[PDB]
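S.K.: I have a structure I would like to understand better, so I am pasting it below and will then ask my questions one at a time.
What follows draws every value from the coordinates through simple rules; no lab data is involved. Neighbour counts are summed over all protein chains in view; Cβ atoms, including those assigned to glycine, are modelled from backbone coordinates with ideal geometry.
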Amino acid sequence: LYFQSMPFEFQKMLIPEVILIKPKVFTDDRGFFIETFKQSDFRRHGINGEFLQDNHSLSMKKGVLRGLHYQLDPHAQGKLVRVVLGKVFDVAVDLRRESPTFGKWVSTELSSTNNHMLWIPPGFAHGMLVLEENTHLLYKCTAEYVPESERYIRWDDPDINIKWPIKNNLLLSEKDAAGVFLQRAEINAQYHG
Amino acid sequence: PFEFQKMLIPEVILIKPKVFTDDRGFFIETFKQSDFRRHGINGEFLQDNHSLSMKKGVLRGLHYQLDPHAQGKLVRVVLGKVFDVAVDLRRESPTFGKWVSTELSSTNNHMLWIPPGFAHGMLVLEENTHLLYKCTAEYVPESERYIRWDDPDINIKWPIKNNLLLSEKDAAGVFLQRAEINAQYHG
Ligand SMILES: Cc1cn([C@H]2C[C@H](O)[C@@H](COP(=O)(O)OP(=O)(O)O)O2)c(=O)[nH]c1=O
Ligand SMILES: Cc1cn([C@H]2C[C@H](O)[C@@H](COP(=O)(O)OP(=O)(O)O)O2)c(=O)[nH]c1=O
Ligand SMILES: Cc1cn([C@H]2C[C@H](O)[C@@H](COP(=O)(O)OP(=O)(O)O)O2)c(=O)[nH]c1=O
Ligand SMILES: Cc1cn([C@H]2C[C@H](O)[C@@H](COP(=O)(O)OP(=O)(O)O)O2)c(=O)[nH]c1=O
């Protein structure tokens, strides 16, 4: 019972390079149809670069946390993130050296209920906390996977100080559990504007 | 990370991605330009769509856009299952009016490449089926054309013919012999 006239709403977050996208849901007797991406519209609202790789993660239990992740330059991925089933608390962290918002973060709830999408530009790290069982997270990347370039910052880093709605149990990968603290992170991304 | 398999109409390509399981669940790379372009799948993906079909027996198709708005489509099912159909509607094609089908599901995570020049149809086999597809051209409603699912010249073997939920546009699809088609065979 939430109505939007236009096919996409684009909303800049407090870190304005991060963009929350609300697509339009067309309901009928069959079910629904959503346009989830449209280059022409996205490019007019600041979202640039060729999407070279799409990924899909299933997280079976509430409390799965993945992040914080980025690829070193020149393999930095811009990401368009959505949840087709379930719900996540989704986080973008500005890790662009010299950025007036370096080490700051914004969050949004991405779910199969809202069908919201988050644009996380290159220069940022991504983290997500699973809030519903069997959560399917899909994202498009502006650069292809380069495992050697992947870096890992721990979820509970105190300088970043993300307010995770951690309810009870936390399921972490070994790489994420072994995430480093921001102060000893390897970062080459540079702020431009 | 991907197996690519040409169908009997060899421009139609079945893609089997690799599933990495762990304690958290799984990870799949569902598209990768470098790999896809090496295996014949070309064109910029300009638009992504998502359809939910609540009941078994929802049928959508048969759909294409006239040139110059023809969409190549990369089709997958993230939840549920469809009987997915590609129909060759390229004038002068040795397989004009022929079709290939595959089962796309959340169990197999298979994907189908349906090149421009083809029509797409899908029949929903599990409740709450989520079909996702990437298009090589943006939506142009004026260019959309609709061919009846049960057209007798195309003669698709749909695994269900009865409890069928159709859109009004699909119900009103035209028969192949009176279809508007401008796509041309080059291959
Ligand atoms: C709420 C919020 C905090 N933050 C950062 C700013 C601060 O470093 C920290 C806020 O938590 P806290 O240290 O408790 O607040 P304060 O610094 O105002 O005493 O987290 C964000 O980057 N984004 C947000 O949305
Ligand atoms: C991020 C990523 C991972 N993988 C593989 C490597 C591992 O086997 C598995 C999980 O990787 P992992 O780095 O744990 O993913 P997450 O970002 O969710 O923590 O997926 C790819 O094949 N491609 C990708 O782009
Ligand atoms: C089985 C199959 C049939 N077809 C075509 C061939 C026929 O024109 C029609 C099915 O008819 P069919 O009963 O297979 O052959 P016939 O009628 O010649 O005895 O659909 C395809 O295009 N793809 C397929 O995978
Ligand atoms: C195919 C398509 C449909 N729509 C809208 C128009 C209708 O309100 C709704 C369903 O269109 P419809 O043509 O019935 O979809 P399907 O191909 O599944 O039969 O979605 C778009 O906004 N973009 C698209 O690319």
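S.K.: Quick one: give the max-minus-min coordinate of the C-alpha atoms of segment A:120-193 along each principal axis, largest first, in Å.
M.R.: The Cα atoms of segment A:120-193 stretch 39, 29, 26 Å along the principal axes, largest first.
S.K.: Another question, then. Do any of A:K140/A:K163; B:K98/B:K161; B:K56/B:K169; B:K6/B:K169; A:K12/A:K104; B:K6/B:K73 go past 23 Å between their Cα atoms, and which?
M.R.: Values: A:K140/A:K163 26 Å; B:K98/B:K161 19 Å; B:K56/B:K169 19 Å; B:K6/B:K169 31 Å; A:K12/A:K104 15 Å; B:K6/B:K73 15 Å.
Exceeds cut-off: A:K140/A:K163; B:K6/B:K169.
S.K.: Now, a different point. Are there any GluC sites (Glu not before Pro) in segment A:118-193 that are in a DSSP loop and have at most 15 other Cβ atoms within 10 Å? List them by number. Don't skip to the answer; put the middle values down first.
M.R.: Numbers: sites: A:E132, A:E133, A:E144, A:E148, A:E150, A:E174, A:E186; in loops: A:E132, A:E133, A:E144, A:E186.
Listed in order of number, the matching sites are A:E133, A:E144, A:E186.
S.K.: Check the straight Cα-Cα distances from A:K61 and name the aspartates and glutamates below 15 Å, setting aside those fewer than 8 residues away within the same chain.
M.R.: Reachable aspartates and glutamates: A:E132, A:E133, B:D22, B:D23.
S.K.: Still on this structure, I have one more. Can you list the GluC sites (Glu not before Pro) in segment A:26-108 that are in a DSSP coil and have 14 or fewer other beta carbons within 10 angstrom?
M.R.: Numbers: sites: A:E35, A:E50, A:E98; in loops: A:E50, A:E98.
Filter output for segment A:26-108: A:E50, A:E98.
S.K.: For B:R38, B:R24, what ranking results if the residue with the fewest other Cβ atoms within 10 Å of its Cβ goes first?
M.R.: On the way: B:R38 11, B:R24 19.
The fewest-first ordering by Cβ neighbours comes to B:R38, B:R24.
S.K.: Here's something else I'd like to know. So what's the back-of-envelope 222 nm ellipticity for chain A, counting only DSSP H runs of four-plus at -39500 (n - 2.57) apiece and dividing by all residues, rounded to 500? Please report the intermediate quantities before stating the final value.
M.R.: Values: 2 runs with 10 residues, N = 193.
Per the formula, -1000 deg cm²/dmol.
S.K.: Could I ask something else about it? Whole-Å semi-axes of the protein assembly as shown's equivalent ellipsoid, largest first, each the root of 5 times a Cα gyration tensor eigenvalue?
M.R.: Working: eigenvalues 306, 86, 75 Å².
Working through the eigenvalues yields semi-axes of 39, 21, 19 Å.
S.K.: With a cap of 10 neighbouring Cβ atoms within 10 Å, and only residues DSSP puts in a loop, list the trypsin sites (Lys or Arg not before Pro) found in segment A:99-177. Walk me through the numbers before you get to the answer.
M.R.: Numbers: sites: A:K104, A:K140, A:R151, A:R154, A:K163, A:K167, A:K175; in loops: A:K104, A:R154, A:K163, A:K167.
Here the sparse-neighbourhood loop sites are A:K163, A:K167.
S.K.: While we're on this one: Over the Cα atoms of segment B:1-145, compute the convex hull volume and normalise it per residue, giving Å³. Before the final figure, lay out the partial values.
M.R.: Values: hull volume 16.4 nm³, N = 145.
Value for segment B:1-145: 113 Å³ per residue.
S.K.: If you average 1/r over every pair of different alpha-carbon atoms in segment B:46-128 and take one over that average, what Kirkwood value in Å do you get? Show your work: numbers first, answer last.
M.R.: Details: mean 1/r = 0.0753 Å⁻¹.
Its Kirkwood hydrodynamic radius stands at 13.3 Å.
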